[PDB]
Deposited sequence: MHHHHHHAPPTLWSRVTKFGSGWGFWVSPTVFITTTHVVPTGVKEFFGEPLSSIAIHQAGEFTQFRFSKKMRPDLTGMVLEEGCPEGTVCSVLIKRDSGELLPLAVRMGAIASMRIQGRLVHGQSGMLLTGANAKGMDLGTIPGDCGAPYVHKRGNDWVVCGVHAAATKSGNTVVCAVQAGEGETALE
């Protein structure tokens, strides 16, 4: 079960969400990033290192934005066959951890976007268009790990796709 501090890392951002990996590192899905702004979280862009590839966006800030947090491991994709939790927040405030059995990493073209992503089967509650950037996480021993951010789902909703770090 995900504890409150972990949920407190899931953050409304743009047209979806993003996730504080550490006091200084925030990840989200590229296409939810708001366009035509000069600052994220009150910091100007000249102050932020931004790595974007394949619908995976990473901000590294120059100050501690969330000093209440410890740093967590960010993996380059989820281990195939691991059951992750998708830490979905809804605009209502409802928390919706969705269990997903992760599959293979793959390049994909989704409505024209190059997605470096990982498919998963949802294990009735699905994702919605407002959920992108929600983190995919799992517990390894005693610690939670993050491995992707929500990016797409199929028409039925039974299969989801998170973007993963190169």
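From the N-terminus onward, what segments of the deposited sequence lack any C-alpha atom in this model?
No coordinates exist for the deposited residues in 1-6, 130-137, 181-188, so these stretches are absent from the model.
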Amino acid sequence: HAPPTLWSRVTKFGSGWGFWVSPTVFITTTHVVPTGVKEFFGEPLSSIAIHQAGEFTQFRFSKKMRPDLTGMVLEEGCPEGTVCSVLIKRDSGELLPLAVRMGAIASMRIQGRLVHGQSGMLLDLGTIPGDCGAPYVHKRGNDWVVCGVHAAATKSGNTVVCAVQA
From here on, numbers count along this sequence of modelled residues.
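Rigid core here is just the name for the largest C-alpha set that superposes within 1.5 Å across the two forms.
Core-fitted comparison in 8 other deposited structures of this protein, 113-121 vs 25-33, farther C-alphas
This comes out as 113-121, the stretch further from the shown form in 8 other deposited structures of this protein.
Which stretch is more displaced from the shown form in 8 other deposited structures of this protein, 66-74 or 103-111, with RMS over structures and residues of Cα positions after a rigid core fit?
When 66-74 and 103-111 are compared in 8 other deposited structures of this protein, the bigger C-alpha shift is seen for 103-111.
Taking only the CA atoms, which stretch has the higher mean B-factor in the record, 26-34 or 108-116?
Higher of the two, by average CA B-factor, is 108-116.
So 91-99 or 73-81, which one's hotter by mean CA B-factor in the entry?
Going by the record's values, the stretch with the higher mean is 73-81.
In the PDB entry, which of 53, 137, 134, 128 has its C-alpha at the highest B-factor?
The record points to 53.
For residue 6, does the deposited CA B-factor place it in the lowest, middle or highest third of the chain?
CA B-factor rank for residue 6: lowest third.
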